[PDB]
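K.L.:
Next up is a structure, given as structure tokens.
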Amino acid sequence: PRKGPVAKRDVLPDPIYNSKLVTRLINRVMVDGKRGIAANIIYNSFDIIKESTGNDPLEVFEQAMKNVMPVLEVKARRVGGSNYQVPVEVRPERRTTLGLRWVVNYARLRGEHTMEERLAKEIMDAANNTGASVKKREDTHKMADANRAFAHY
Amino acid sequence: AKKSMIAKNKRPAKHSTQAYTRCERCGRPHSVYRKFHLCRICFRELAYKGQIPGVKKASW
Amino acid sequence: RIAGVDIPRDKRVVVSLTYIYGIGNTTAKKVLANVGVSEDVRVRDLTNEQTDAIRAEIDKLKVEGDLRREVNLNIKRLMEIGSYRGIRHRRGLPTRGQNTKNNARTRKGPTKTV
Amino acid sequence: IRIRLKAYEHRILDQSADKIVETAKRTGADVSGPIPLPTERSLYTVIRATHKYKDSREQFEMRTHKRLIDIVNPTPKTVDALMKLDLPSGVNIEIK
Amino acid sequence: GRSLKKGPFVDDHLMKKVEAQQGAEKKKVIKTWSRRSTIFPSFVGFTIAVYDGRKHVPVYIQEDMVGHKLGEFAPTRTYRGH
Amino acid sequence: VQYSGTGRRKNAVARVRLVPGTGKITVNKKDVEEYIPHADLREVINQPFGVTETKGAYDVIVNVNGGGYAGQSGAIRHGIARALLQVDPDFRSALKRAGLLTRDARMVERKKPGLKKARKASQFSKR
Amino acid sequence: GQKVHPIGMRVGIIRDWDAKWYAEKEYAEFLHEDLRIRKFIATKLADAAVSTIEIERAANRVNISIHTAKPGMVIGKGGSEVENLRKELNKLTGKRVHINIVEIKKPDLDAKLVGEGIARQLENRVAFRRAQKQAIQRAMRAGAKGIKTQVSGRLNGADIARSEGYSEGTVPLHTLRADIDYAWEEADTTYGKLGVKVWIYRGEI
RNA sequence: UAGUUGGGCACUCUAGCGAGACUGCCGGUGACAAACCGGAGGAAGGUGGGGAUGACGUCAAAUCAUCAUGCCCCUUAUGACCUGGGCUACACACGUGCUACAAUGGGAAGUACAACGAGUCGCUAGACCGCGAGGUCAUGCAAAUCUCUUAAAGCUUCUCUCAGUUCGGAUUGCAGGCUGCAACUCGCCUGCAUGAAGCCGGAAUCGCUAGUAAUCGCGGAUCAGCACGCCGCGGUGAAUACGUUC
Ligand SMILES: [K+]
Ligand SMILES: [K+]
Ligand SMILES: [K+]
Ligand SMILES: [K+]
Ligand SMILES: [K+]
Ligand SMILES: [K+]
Ligand SMILES: [K+]
Ligand SMILES: [K+]
Ligand SMILES: [K+]
Ligand SMILES: [K+]
Ligand SMILES: [K+]
Ligand SMILES: [Mg+2]
Ligand SMILES: [Mg+2]
Ligand SMILES: [Mg+2]
Ligand SMILES: [Mg+2]
Ligand SMILES: [Mg+2]
Ligand SMILES: [Mg+2]
Ligand SMILES: [Mg+2]
Ligand SMILES: [Mg+2]
Ligand SMILES: [Mg+2]
Ligand SMILES: [Mg+2]
Ligand SMILES: [Zn+2]
């Protein structure tokens with residue numbers, strides 16, 4: 001807003017994994033405030049992760065976040081009669097936001113019948129450094145690199 | 001035709017469903033409150049005057 | 001198959017029956033209740049004897065060409081007597097009293113920009 | 001004996017309740033209350049304008065405050081005492 | 001629809017008119033403003049001039065028409081097209 | 001000996017009573033798991049014990065009504081915090097810094113006239 | 001922009017209902033009976049300076065408190081006029097009507113009376129500025145903390161209607177505690193209606 | 001069997017009287033000010049949230065159809081009564097909404113939690129008949145007592161398995177229920193049958209900064225009957241705000 005930066009509302013940690021990141025993921029997947037379905041889907045996805053892999057789903061998901069979270073974004077700037085993009089380092093809050101948004105969107109776009117199945121698959125691929133989410137992060141960094149000449153702006 | 005309409009409304013109706021309410025103050029047919037027998041316009045006017053017992057501007 | 005229509009094989013028996021014209025989900029439930037056949041078993045699994053019993057029940061019911069001929073006679077009857085509904089049917093307009101200034105696309109057909 | 005008081009203004013209502021309780025207690029009868037009851041509220045929304053202009057409304061509310069009294073061991077005097085004690089016109093009163 | 005217990009509806013004046021003309025060798029047009037009145041097997045074979053809001057349109061009644069209100073057989077508004 | 005407390009959240013009101021025991025919680029004569037089948041909500045309810053380090057020490061009997069399950073859960077949490085104040089005043093500091101004692105005042109905002117909801121406005125077309 | 005009615009804004013805050021009765025099943029009937037009573041009194045005592053009518057109901061009885069600056073004129077000689085009024089009102093209403101007259105001390109502080117005076121003068125073709133100015137002077141002498149007056153219409157027969165107003169002291173319509181009286185009166189002239197509005201801010205409550 | 005009964009008002013609740021929040025206090029900045037930043041305490045901290053409240057004026061904005069009113073026009077007619085019809089039309093264009101396009105779903109069964117409000121020929125219990133809409137008897141309540149009213153999303157199981165489908169529910173046929181003198185023009189609702197377009201939507205455009213958007217129901221005004229609209233209530237409940245170039 002015009003006045004200045006506003007306070008960020010906190011999220012309590014997930015009950016069963018004791019993580020705030022899991023709660024944020026639950027919120028992202030939630031639709032129409034149906035947090036019950038949201039939390040159930042997330043837990044089923046982590047169960048499928050712990051099944052398809054012997055690792056802790058929470059650690060797997062953090063690895064996927066590391067792979068997907070961008071570093072340089074592009075901000076559009078209108079310079080006179082010319083409008084073009086400009087690379088911009090991503091603050092950590094926006095990093096997590098972008099990571100969750102990308103992962104959830106591409107999970108919804110996957111082909112598997114059920115959302116928890118799609119979510120688990122996308123998380124595993126991202127942890128493996130592959131999939132649509134990692135591809136989107138690659139494209140973001142690629143756009144940033146292409147416009148890297150505008151870093152001084 | 002307001003006067004003739006008011007007179008006809010006052011008279012008993014040929015069939016029950018024909019009976020309808022008009023604002024007994026101004027004769028407006030629409031928006032007549034059963035509790036007060038007044039249109040919305042007349043209700044607001046008199047309520048501002050404070051001549052409708054109990055009624056007052058709502059706020060919550 | 002059963003009533004002259006090859007019902008889907010994989011689906012559950014109640015749904016496969018609904019695929020028959022003139023039979024809805026409630027009617028399928030009713031005929032299965034008469035025959036004693038369970039609703040869950042797929043039609044492919046259904047034995048030939050169960051299929052024969054189902055055929056008897058459907059043949060008791062009116063379906064397919066018989067049903068279609070009945071309805072078309074009714075509509076033809078309205079049009080021929082020239083009723084308001086018959087005129088609605090003839091000109092492809094809502095018969096049930098809907099307003100036609102907007103919508104009515106189902107009866108009217110695709111929009112004509114002119 | 002039971003007494004239900006109703007009024008559009010809680011102020012005068014409470015004044016009448018005080019009078020009822022005081023006269024009964026003076027006459028020696030025991031009184032339970034006053035017991036406040038859930039005040040009723042009715043809401044009316046009317047278009048502020050006389051023609052069109054649907055968005056701008058105005059809301060009026062009519063409130064009925066109610067009090068309850070229960071007289072115990074009523075003396076013969078109390079019955080006529082509570083009928084002689086006459087309330088302001090703004091208070092509706094019910095007995096039993 | 002109309003409650004079965006209530007039975008079919010017809011205006012009394014129309015019913016009285018058709019009754020009076022029942023024993024008629026040749027039916028004469030019965031002019032009615034009553035759209036509401038339902039057609040009856042007795043109505044069969046009569047020509048009825050039903051008001052449409054501007055004039056009485058004749059309709060020949062038949063066993064096929066019975067079971068319907070008279071007003072439906074007389075259209076109110078005309079739409080030729082555009 | 002029982003320690004009473006009253007908690008409120010949205011339209012929910014919870015009368016809470018702490019009795020020393022094994023940490024079992026019963027609400028409206030039914031166990032917490034039955035009444036509130038949401039594990040996150042149950043963890044919310046137990047937060048005060050965690051901050052006060054009184055896990056398991058006290059069983060809780062709660063009579064709660066009004067609001068929904070989440071609102072009633074918040075009311076239970078508020079009542080539990082107040083009951084703990086009765087048990088020991090020194091829990092006030094930890095409870096306060098956790099913000100458990102504050103009565104969440106966020107209630108439903110009234111629908112405004114001319115707006116489809118409290119703030120949602122009808123779709124607007126310039127022409 | 002428009003403004004809330006000054007009285008209606010404060011009814012139930014510092015001002016009280018004029019129709020001081022309670023009813024549930026007969027609410028509509030009593031309300032309309034009161035309206036007819038008010039109209040009948042307005043027609044009957046038009047020349048008298050009748051301002052406020054407070055109606056109380058006690059079973060079939062109806063007590064009517066009428067505030068006026070001319071109690072003698074309302075009463076008549078030996079109560080003849082009030083008695084004639086009672087009989088007519090009893091015929092009108094169908095029940096016992098008790099009438100109590102109240103003397104309006106300081107008529108200059110009554111919104112309706114001041115507005116009525118200005119409307120009468122306009123009907124008599126007095127300069128609207130003069131009427132408003134003298135009204136304000138009288139009100140300030142009476143001791144109003146402030147007064148505000150406005151006249152709108154085809155002033156002096158002009159083809160383009162407009163509004164001309166004056167004020168003195170303080171009239172803070174937005175301060176709820178302030179006891180501000182208000183009244184709207186119309187003057188029927190040769191060119192059509194002229195609207196008169198008077199706000200009188202007395203000692204705040 | 002039941003908050004039932006007795007018993008008690010303790011608790012909640014109700015509703016009057018009050019208390020409370022005042023940058024009041026503490027620290028820092030500030031021109032010894034205003035004030036700003038932070039802290040303590042507290043249920044609440046800087047207007048706590050929301051509402052009511054809308055300055056002088058602006059658009060010859062809107063309303064002569066709420067009402068009133070200057071002037072003009074009609075006066076066996078532009079006045080008045082009645083039946084029927086129309087305002088509900090339908091090659092098309094636009095606005096506002098509802099329902100969808102499905103698996104964060106559809107269906108079946110079980111189980112739990114609200115609030116605002118309405119009620120006398122009105123709310124209607126309970127029972128019986130009905131697949132259902134409803135019907136019959138019949139009970140309590142002018143109501144914190146009785147009823148509308150066990151709310152829906154929700155949670156737990158089972159089923160469906162990506163299909164223009166067990167999605168979707170338009171249109172249409174038949175058969176009914178009410179309300180009403182009367183349901184064709186032209187009501188709402190029920191059952192069976194049918195099963196439309198629709199696979200997330202171009203240019204463009206809209207709302208919203210938290211108990212908000214989103215989503216879920218519940219009540220009410222008008223009202224014989226009839227709402228996807230309006231008013232109000234509660235349930236669940238997010239994302240984001242770097243910043244003021246545009
Ligand atoms: K009406
Ligand atoms: K139509
Ligand atoms: K349209
Ligand atoms: K109190
Ligand atoms: K007029
Ligand atoms: K005129
Ligand atoms: K348009
Ligand atoms: K709509
Ligand atoms: K399911
Ligand atoms: K109709
Ligand atoms: K209704
Ligand atoms: Mg009507
Ligand atoms: Mg079929
Ligand atoms: Mg229609
Ligand atoms: Mg103009
Ligand atoms: Mg115009
Ligand atoms: Mg005129
Ligand atoms: Mg219209
Ligand atoms: Mg699909
Ligand atoms: Mg804002
Ligand atoms: Mg809501
Ligand atoms: Zn009116």
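Naming works like this for the structure tokens: A, B, ... for the chains as they're shown, residue 1 at the start of each chain, ligands 1 onward in shown order.
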Would you list, as a list in words, the residues of chain E that end up in helix (DSSP H, G or I) under DSSP run on this structure's backbone?

P.N.:
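The residues of chain E classed as helix (DSSP H, G or I) are residues 12, 13, 14, 15, 16, 17, 18, 19, 20, 71, 72 and 73 of chain E.
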
K.L.:
I need the chain B residues near chain D as number ranges by chain; criterion: at most 10 Å, counting only C-alpha atoms.

P.N.:
B: 31, 33, 39-44, 47, 52-59

K.L.:
Please check which protein, DNA or RNA residues sit within 7 Å of ligand 1, counting only C-alpha atoms (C1' of nucleotides) and all ligand atoms, and write them as a PDB file with N, CA, C and O atoms, in the first residue's frame.

P.N.:
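Writing the result to selection.pdb gives the following:
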```pdb
ATOM      1  N   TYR B  20     -55.933  -6.109  -1.633  1.00  0.00           N
ATOM      2  CA  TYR B  20     -54.540  -5.716  -1.532  1.00  0.00           C
ATOM      3  C   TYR B  20     -54.441  -4.489  -0.643  1.00  0.00           C
ATOM      4  O   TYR B  20     -55.439  -3.818  -0.365  1.00  0.00           O
ATOM      5  N   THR B  21     -53.223  -4.200  -0.205  1.00  0.00           N
ATOM      6  CA  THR B  21     -52.969  -3.133   0.747  1.00  0.00           C
ATOM      7  C   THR B  21     -52.431  -1.910   0.028  1.00  0.00           C
ATOM      8  O   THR B  21     -51.577  -2.020  -0.854  1.00  0.00           O
ATOM      9  N   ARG B  22     -52.944  -0.745   0.405  1.00  0.00           N
ATOM     10  CA  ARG B  22     -52.400   0.536  -0.010  1.00  0.00           C
ATOM     11  C   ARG B  22     -51.995   1.324   1.223  1.00  0.00           C
ATOM     12  O   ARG B  22     -52.602   1.190   2.289  1.00  0.00           O
ATOM     13  N   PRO B  29     -49.538   1.648  -3.515  1.00  0.00           N
ATOM     14  CA  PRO B  29     -49.819   0.212  -3.428  1.00  0.00           C
ATOM     15  C   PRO B  29     -48.599  -0.620  -3.066  1.00  0.00           C
ATOM     16  O   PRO B  29     -48.714  -1.612  -2.342  1.00  0.00           O
ATOM     17  N   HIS B  30     -47.428  -0.230  -3.558  1.00  0.00           N
ATOM     18  CA  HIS B  30     -46.231  -1.028  -3.354  1.00  0.00           C
ATOM     19  C   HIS B  30     -45.572  -0.712  -2.020  1.00  0.00           C
ATOM     20  O   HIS B  30     -45.695   0.390  -1.482  1.00  0.00           O
ATOM     21  N   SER B  31     -44.860  -1.701  -1.489  1.00  0.00           N
ATOM     22  CA  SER B  31     -43.998  -1.508  -0.325  1.00  0.00           C
ATOM     23  C   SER B  31     -44.789  -1.037   0.891  1.00  0.00           C
ATOM     24  O   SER B  31     -44.364  -0.139   1.618  1.00  0.00           O
ATOM     25  N   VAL B  32     -45.939  -1.657   1.127  1.00  0.00           N
ATOM     26  CA  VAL B  32     -46.799  -1.317   2.253  1.00  0.00           C
ATOM     27  C   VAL B  32     -46.507  -2.295   3.380  1.00  0.00           C
ATOM     28  O   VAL B  32     -46.707  -3.505   3.230  1.00  0.00           O
TER      29      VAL B  32
END
```

K.L.:
If you count only C-alpha atoms (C1' of nucleotides), which residues fall within 7 Å of residue 8 of chain G, apart from same-chain ones fewer than 2 positions away, as a list in words?

P.N.:
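Here the qualifying residues turn out to be residues 47, 48, 49 and 50 of chain B; 5, 6, 10 and 11 of chain G.
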
K.L.:
Could you jot down the atom CA of residue 108 of chain G to atom CA of residue 161 of chain G separation for me, Å, one decimal place?

P.N.:
28.0 Å

K.L.:
What's the 8 Å shell around residue 8 of chain E, counting only C-alpha atoms (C1' of nucleotides), without same-chain residues fewer than 3 positions away, as a list in words?

P.N.:
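Result of the neighbour search: residues 2, 4 and 38 of chain E.
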